[PDB]
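>>> from the sequence below, what's the structure:
(one chain, ligands or ions: 4)
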Amino acid sequence: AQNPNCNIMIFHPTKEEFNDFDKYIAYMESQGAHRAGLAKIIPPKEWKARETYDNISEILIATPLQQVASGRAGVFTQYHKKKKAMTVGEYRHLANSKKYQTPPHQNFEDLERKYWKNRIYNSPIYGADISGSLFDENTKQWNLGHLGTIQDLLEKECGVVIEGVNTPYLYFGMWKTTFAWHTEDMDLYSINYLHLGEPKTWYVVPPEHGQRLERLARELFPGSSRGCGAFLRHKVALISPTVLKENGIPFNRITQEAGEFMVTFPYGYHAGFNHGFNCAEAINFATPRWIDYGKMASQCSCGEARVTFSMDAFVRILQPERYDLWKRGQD
Ligand SMILES: O=C(O)CNC(=O)C(=O)O
Ligand SMILES: [Mg+2]
Ligand code: NI
Ligand SMILES: [Zn+2]
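Numbering: from 1, shown residues only. Ligands and ions are numbered 1, 2, ... in the order given. The relevant structure is shown in the block below.
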């Protein structure tokens, strides 16, 4: 069995290997990458996403989200308070202001320590989930707006034609902006490209151990767990590495820098934080190996998780027994 300790693997494809996206995902899996839940892909030196980032300031963040924490430093929830619209140029200035800028630090480890110590005492503002793309239309390799769609994959594998579309999303971050512990909708893959700016630190639980994280989460968030049998789908709970280690939960960590891709694998729980002003682009995708994970994915039916139009067909076709209850939660 490849990668039996479930370590995060890092890949350096050549320009030739960067042509066929599906083939390279399958290659990574042949080497055991999926066992970690997360892999890093460093593009060949010949590749670029676009020519420059000098002309992005007029992009609108229609609903910036202020991430307000409750709990203790290693075990907290966050809620998202909606703020007035602002442009990327206004948001970058805000990120760099004395109130929100990254503190002086020695290295990534020192900054990680400061994050876990101090996150709860601040409320950073995240420009998340903005439909759009920063890949040049002429970039033919690993262009996240030109991937094969999940609807087409389900059709190729299972024969059923379904409605829905699959497009990328932009994330504009600042120091302390946080992504809570989650797997993807329908336990899909995700791919994330850090276009510019400061790093993003990730934490991940191997898919084979995801239920250990869930059991801890039910212990640590007992009211939430009573409210919903899949409350991590709400994407609001944080647990620190120190707490994970105290409770024996298997995980790994890695820092992504500008110019790097990360791939999350089906049912790989992940969480993390941004180091300073940055911009990422991400999208969900599927492969043939995903289908069995989609069929078994948990679902939130309490009303909180509320998701895209395109998840309807996935539930309807892969999970017909669950469909009626899930759809009630949507309405
Ligand atoms: O970058 C973020 O805020 C969150 N991204 C992801 O969870 C992802 O790419 O799957
Ligand atoms: Mg612009
Ligand atoms: Ni994710
Ligand atoms: Zn729920």
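>>> which residue ranges form the helices in the stretch 51-200 of the chain?
88-95, 108-118, 150-158 (DSSP state H, counting those that start in this stretch).
>>> what residues are bridge-paired with the nearest residue to residue 190 once chain neighbours are set aside?
Spatially, and ignoring its direct neighbours in sequence, residue 190 is nearest to residue 264 (4.5 Å; C-beta to C-beta, 6 or more residues apart in numbering). C-beta coordinates here come from the backbone N, C-alpha and C atoms, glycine included. Beta-bridge partners for residue 264, by DSSP bridges, are residue 38, residue 190.
>>> would you agree residue 264 is in contact with residue 34?
No. Applying C-beta atoms under 8 Å, one finds residue 264 not in contact with residue 34, separated by 9.6 Å.
>>> once you drop chain neighbours, what's closest to the residue in the chain that ligand 2 sits nearest to?
For the chain and ligand 2, the shortest gap (C-beta to the ion) falls at residue 58, measuring 3.2 Å. Nearest residue to residue 58, sequence neighbours excluded (C-beta to C-beta, 6+ apart): residue 87, at 5.7 Å.
>>> list the beta-bridge partners for that neighbour.
Beta-bridge partners recorded for residue 87 (DSSP bridges): residue 60.
>>> show me the contacts for it.
Contact analysis of residue 87 by C-beta atoms under 8 Å, 6 or more residues apart in numbering lists 57-61.
>>> gap between it and ligand 4?
Counting by C-beta to the ion, to the nearest Å, the gap between residue 87 and ligand 4 amounts to 34 Å.
>>> which helix or strand contains the closest residue in space to residue 270 that isn't next to it in sequence?
What sits nearest to residue 270 in space, not counting adjacent residues and going by C-beta to C-beta, 6+ apart, is residue 204, at 4.7 Å. Residue 204 is part of strand 200-205 when elements are defined by DSSP states H and E.
>>> the residue in the stretch 51-200 of the chain that ligand 4 sits nearest to pairs with what?
In the stretch 51-200 of the chain, the residue that lies nearest ligand 4 is residue 182 (12.2 Å; C-beta to the ion). Beta-bridge partners recorded for residue 182 (DSSP bridges): residue 270.
>>> right, and it touches residue 233 too?
Yes. Counting by C-beta under 8 Å, residue 233 is a contact partner of residue 182 at 7.1 Å.
>>> can you give me the strands for the stretch 51-200 of the chain?
60-61, 65-72, 75-82, 86-87, 125-131, 169-173, 178-182, 189-197, 200-205 (DSSP state E, counting those that start in this stretch).
>>> any bit of the first one sitting next to ligand 2?
Put plainly, it is strand 60-61. No. Judged by C-beta under 5 Å from the ion, strand 60-61 and ligand 2 are separated, with a smallest distance of 8.9 Å.
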